[PDB]
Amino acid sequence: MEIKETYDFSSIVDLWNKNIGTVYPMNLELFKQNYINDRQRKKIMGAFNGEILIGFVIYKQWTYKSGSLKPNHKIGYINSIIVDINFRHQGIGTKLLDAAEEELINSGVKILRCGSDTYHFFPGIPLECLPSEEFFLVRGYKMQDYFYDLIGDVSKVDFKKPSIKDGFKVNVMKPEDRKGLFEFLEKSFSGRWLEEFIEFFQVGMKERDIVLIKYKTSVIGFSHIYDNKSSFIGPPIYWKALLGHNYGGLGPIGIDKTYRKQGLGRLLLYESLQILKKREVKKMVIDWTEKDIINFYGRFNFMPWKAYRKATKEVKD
């Protein structure tokens, strides 16, 4: 067996689907979008028996800015790792992660994260990969708390408009709103979400995918919505193959801190879902939520669907 670099995306995707495709169905469009467009220092290492790919790991170091946040070179990420089911418990996973980690470490990484990267596939260790938690524990990763993708079928329920205080208006974004949107993001959400807006606009997100809430003329919050016409495959619709026809999604969503706890998030969410419902969306996903916020979406009939465990390894000095 040999470990070396591979960018044979269709062999990777094939191996991905054979092993975990039931619950994380991958397609080449999504795989290439997320790998190729990522701006971090990144690599894919494969394990090979001659010409046959039998495992891989994808890994990154934080070298490119996230909005106003500077890149912290101390942070590295394991985007994914899979060994084929017919070659398990032969040390191949260990060799792949040893190679990833040793490279990262030499390049200055002191904190290693399971998923959560830019252009991630997973916010953390998926519950469906719960047995890998022990694999990571053996290597010195510590298990932390959970995040959740939520699912709901917006075609099946009617909701009541929350009671509208005056001056506030919710509308899909127009091209001329971009200036104001970026000023709002620089003020209120100036890290990863600011950078997603920059990147996603570069890779095919359209104004129709963004909903803005304004007080008078000022942008005070946003949501990102997705349907089967979106040109960018974003995290809510990564697993669209499980969601049937007329799939959709929502996330992220935020309100300026000085306007919180007035029912304005609930209004923005209500209006965002009506837009989707009018676009004939049925099953849709709200991705990468914390436990404490689940009930905010659950009033609109969303339920937890997938769970991911955050996990972190501190490199010893």
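Quick note: we count residues from 1 along the sequence shown, nothing fancier. Under this definition, the rigid core comprises the largest set of C-alpha atoms superposing within 1.5 Å between the forms.
Q: Report the stretch with the higher root mean square CA deviation, pooled over structures and residues in 5 other deposited structures of this protein, choosing between 241-249 and 160-168 after a rigid core fit.
A: Once the cores are fitted, 160-168 deviates more in 5 other deposited structures of this protein.
Q: Would you determine, from the values in the PDB entry, which of 68-76 and 86-94 has the greater average C-alpha temperature factor?
A: Here the higher of the two C-alpha B-factor means belongs to 68-76.
Q: Looking at the entry, does 46-54 or 280-288 show the higher mean C-alpha B-factor?
A: The recorded data point to 46-54.
Q: Sorting 133, 227, 153, 166 by Cα temperature factor from the record, which one lands on top?
A: Reading the PDB entry, the winner on C-alpha B-factor is 166.
Q: Looking at 113, 192, 120, 245, which has the biggest Cα B factor in the entry?
A: The C-alpha B-factor peaks, among 113, 192, 120, 245, at 245.
Q: Relative to the other modelled residues in the chain, which third contains the C-alpha temperature factor of residue 18: lowest, middle or highest?
A: Tercile = middle for this residue's CA B-factor.
Q: By the record's CA B-factor, is residue 35 among the lowest, middle or highest third of residues in the chain?
A: Answer is lowest: the recorded C-alpha B-factor places it there.
Q: Relative to the other modelled residues of the same chain, rank the CA B-factor of residue 126 and answer lowest, middle or highest third.
A: Lowest third - that is where residue 126 ends up once the chain's C-alpha B-factors are sorted.
Q: What third of the chain does residue 235 rank in for C-alpha temperature factor, lowest, middle or highest?
A: Tercile = lowest for this residue's CA B-factor.
Q: Split the chain's modelled residues into thirds by Cα B-factor; is residue 259 in the lowest, middle or highest one?
A: Tercile = highest for this residue's CA B-factor.
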